[PDB]
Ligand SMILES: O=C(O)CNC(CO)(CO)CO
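In structure tokens, one chain follows: the form solved without the named molecule.
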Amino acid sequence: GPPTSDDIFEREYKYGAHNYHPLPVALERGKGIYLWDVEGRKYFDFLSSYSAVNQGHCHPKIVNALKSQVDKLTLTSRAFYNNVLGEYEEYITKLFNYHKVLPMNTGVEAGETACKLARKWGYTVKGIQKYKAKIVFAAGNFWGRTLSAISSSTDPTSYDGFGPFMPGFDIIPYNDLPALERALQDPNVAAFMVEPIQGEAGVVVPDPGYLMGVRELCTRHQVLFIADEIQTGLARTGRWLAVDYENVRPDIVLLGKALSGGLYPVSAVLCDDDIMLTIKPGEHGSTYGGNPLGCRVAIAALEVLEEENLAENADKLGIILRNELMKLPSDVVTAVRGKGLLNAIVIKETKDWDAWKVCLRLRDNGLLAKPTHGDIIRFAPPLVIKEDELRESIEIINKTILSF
């Protein structure tokens, strides 16, 4: 017969690498804000696949876009043209107001591209001597798992045992303008890459004005501001871009995850011509980047975001979420943070009570979430959720937390 949840776990343990320790639940179906395991149980998805399913699981318009194109053409490679990519390019460039886009597949690939653009611009336009270009990052950052990405990490779990590391990556504290200004005194700095809110660090929101101050500093020192909006972008924090809260226009914007509604790995690197065109024909690419199938699903996923006004929903509903979460006792729940529907709670962890235990019980009470250390729990349900559904999940969260 059909495998049980336990059969499912055992099979992966035997045949798959052990690079993850997932919360013990086996999903076979997803729709909107819901997930169903193989035993048929129903669950509120409060992780949204890291924002990839902002539009909810299997959104019918994005599904139909995928189904329509797969019968026509799925991959020509960029050795030749296809009819779809240019339409997606004009669309996303006009939506975000940048001259061009460089299509890639995964979040880390957008970051790598952005680092390559930063260096190439650094050498060919800023006049940095090869190869003395530096890129500054903020401590707590997370942009992927390539050798380059773990080389800017301050998390031992990311870099330990994987060295030597990529040179020319400097790290400074996040939410620290004076540190940034100090780093930018070196003219060999080509760029500063930062998340408007750090996702994996535990939904760390920098103080008001941080983003405006980063922009000012980058512009003064002729440094590219690379904003990684792979998790924060596409309506999840209440705007098209988290950077929009302070009216900031980064030099390079990275998008991924919700860009395809979870139907295909699609990522994007947006920037104007003076940066974008430092990379010449033949100097950068990817087998699947810009394929017609991912473009069709991306056009659809962006249209859902716009047409269903999900940014406004996430902003209004996020206020409720945070307001209800702050009612929990301050001796149980230490802090509440986030923007829009990108939130987290910090608990007063003890040797016998932790975030993992809380998520296990949440699971038991029908809500799926993942801990981000011993003391942090993220709450980020799909943006299609309704206030009634949200209030029901808040009750589940309340009941569970108070049940310890």
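Residue numbers here begin at 1 and follow the sequence given.
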remark   = Between 345-353 and 55-63, the record assigns the higher mean Cα B factor to 345-353
ask   = Between 286-294 and 200-208, which has the higher average C-alpha B-factor in the PDB entry?
value = 200-208
Criterion, highest CA B-factor; candidates, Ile252, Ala79, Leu321, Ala110 = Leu321
note = Looking only at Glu307, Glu216, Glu89, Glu195, the Cα with the top B-factor belongs to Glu307
query = Which third of the chain does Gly161 land in by C-alpha B-factor: lowest, middle or highest?
reply = lowest
ask   = Thinking about Cα B factors across the chain, which third does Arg119 belong to?
value = lowest
request  = Would you mind ranking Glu181 by its C-alpha B-factor against the rest of the chain and naming the third, lowest, middle or highest?
outcome  = lowest
message = Ranking the modelled residues of this chain by C-alpha B-factor as given in the entry, is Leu277 in the lowest, middle or highest third?
response = lowest
Assigned third (lowest, middle, highest) for the C-alpha B factor of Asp244 = middle
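The same protein also exists as the form solved in complex with the named molecule; that form is not shown, yet it is the one meant from here on.
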ask   = Can you pick the one in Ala179, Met166, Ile319, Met326 that has a heavy atom within 4.5 Å of the named molecule in the bound PDB entry?
value = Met166
request  = Consider the chain as shown here, without its partner, and state which of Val125, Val332, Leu95, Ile171 has a heavy atom within 4.5 Å of the named molecule in the bound PDB entry.
outcome  = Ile171
key: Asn313 within 4.5 Å of the named molecule in the bound PDB entry, heavy atoms   = no
ask   = Given that the partner is absent here, does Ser151 sit within 4.5 Å of the named molecule in the bound PDB entry, heavy atoms only?
value = yes
key: Partner-proximal stretch of 210-218, 83-91, 158-166, 239-247 relative to the named molecule in the bound PDB entry, 4.5 angstroms, heavy atom   = 158-166
